[PDB]
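Accompanying notes for the structure given below.
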Amino acid sequence: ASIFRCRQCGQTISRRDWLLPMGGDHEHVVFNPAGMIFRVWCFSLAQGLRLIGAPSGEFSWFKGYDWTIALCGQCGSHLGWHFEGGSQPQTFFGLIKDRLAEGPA
Ligand SMILES: O=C1CC[C@H](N2C(=O)c3ccccc3C2=O)C(=O)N1
Ligand SMILES: [Zn+2]
């Protein structure tokens with residue numbers, strides 16, 4: 001199981017080989033201001049998304065990064081966020097682990 005697809009429609013999104021240990025773990029669990037919990041997996045790279053609007057620094061979970069919502073490009077399901085404007089790396093993807101399906105290439 002080396003590739004991740006959108007759990008709702010099957011759109012190709014990312015790969016196990018593209019997981020990124022930010023802060024020493026690719027997995028981060030975080031809460032938004034509405035108290036929703038997200039088990040976030042960091043990826044260096046993703047595809048098949050649509051990044052919505054312009055970046056925002058408000059409530060950013062990752063120091064020095066601004067965020068844009070990442071929808072599945074096919075079905076519109078909220079898969080995570082694209083993070084940017086930071087350093088080493090300048091950008092990365094934080095994707096919600098239970099909204100993805102993992103399986104064979
Ligand atoms: O790093 C992030 C990404 C965006 C995320 N976020 C949300 O998931 C959310 C839902 C409702 C209102 C405001 C927010 C918000 O800033 C958040 O809390 N931090
Ligand atoms: Zn989808």
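Scheme for the structure tokens: letters A, B, ... for chains in order shown; per-chain residue numbers from 1; ligand numbers from 1 in order shown.
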
Within-8 Å residues of ligand 2, basis only C-alpha atoms and all ligand atoms, as number ranges by chain: A: 5-11, 71-77

Give the residues close to ligand 1, within 9 Å, counting only C-alpha atoms and all ligand atoms; write them as a ChimeraX atom specification. /A:30-38,56-62,65-69,80-83,94

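The two atoms in question, atom CA of residue A:2 and atom CA of residue A:41, are spaced 14.3 Å apart.
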
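With distances restricted to only C-alpha atoms, A:40 is the closest residue to residue A:96 from A:12, A:50, A:63, A:40.
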
Using only C-alpha atoms, which of A:79, A:3, A:49, A:95 sits nearest residue A:20?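 The closest residue to residue A:20 is A:95.
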
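Our summary of the geometry notes that atom CA of residue A:53 is positioned 26.5 Å from atom CA of residue A:21.
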
May I have all residues of chain A that DSSP, computed from the backbone, assigns to strand (DSSP E), given as a ChimeraX atom specification? /A:3-6,12-15,27-31,37-43,49-56,66-72,78-84,92-96,100-103

Those same residues - C-alpha atoms - I'd like them written as a compact mmCIF listing (two decimals), in the first residue's frame.
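again23.txt was written with the following content:
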```txt
# COMPACT_ATOMS: atom_id res chain seq x y z
CA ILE A 3 -0.31 5.33 -2.62
CA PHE A 4 -2.99 7.43 -1.00
CA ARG A 5 -6.29 8.26 -2.73
CA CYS A 6 -9.24 10.35 -1.70
CA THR A 12 -4.85 10.00 -6.58
CA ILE A 13 -3.47 12.34 -3.89
CA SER A 14 -0.07 11.20 -2.55
CA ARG A 15 2.45 8.38 -1.83
CA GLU A 27 1.99 12.58 12.19
CA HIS A 28 0.68 15.58 14.16
CA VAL A 29 -2.61 15.79 16.03
CA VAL A 30 -4.04 19.27 16.22
CA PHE A 31 -7.34 21.08 16.97
CA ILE A 37 -9.44 17.14 16.11
CA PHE A 38 -7.35 16.20 13.08
CA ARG A 39 -4.73 13.51 12.79
CA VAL A 40 -2.51 15.26 10.24
CA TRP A 41 0.08 13.44 8.12
CA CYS A 42 2.73 15.72 6.56
CA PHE A 43 3.71 15.13 2.93
CA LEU A 49 -5.99 18.66 -4.95
CA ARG A 50 -7.41 22.11 -5.45
CA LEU A 51 -5.84 24.78 -3.17
CA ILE A 52 -8.49 27.31 -2.24
CA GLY A 53 -8.00 31.08 -1.93
CA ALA A 54 -4.98 32.92 -0.69
CA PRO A 55 -2.79 31.90 2.27
CA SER A 56 -3.53 32.82 5.85
CA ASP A 66 0.68 30.13 6.33
CA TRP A 67 -2.09 27.85 5.08
CA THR A 68 -4.54 27.31 2.29
CA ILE A 69 -7.34 24.78 2.33
CA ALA A 70 -6.72 21.75 0.10
CA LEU A 71 -9.80 20.15 -1.42
CA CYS A 72 -9.83 16.88 -3.41
CA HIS A 78 -11.69 18.66 2.44
CA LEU A 79 -8.45 16.64 2.53
CA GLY A 80 -6.22 19.10 4.38
CA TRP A 81 -4.10 22.21 3.83
CA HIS A 82 -1.14 23.37 1.87
CA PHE A 83 1.38 25.11 4.02
CA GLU A 84 3.73 27.76 2.65
CA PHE A 92 4.42 21.11 2.43
CA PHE A 93 1.03 19.42 2.64
CA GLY A 94 -0.78 18.50 5.81
CA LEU A 95 -3.42 15.90 4.95
CA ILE A 96 -6.11 14.42 7.19
CA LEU A 100 -7.43 9.14 2.58
CA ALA A 101 -7.36 5.48 1.51
CA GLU A 102 -4.07 3.68 1.21
CA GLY A 103 -3.29 0.96 -1.25
```

Considering only C-alpha atoms, return as a PyMOL selection string whatever protein or nucleic-acid residues lie within 8 Å of residue A:64, sequence-local ones (same chain, fewer than 5 positions apart) excluded. chain A and resi 85-87
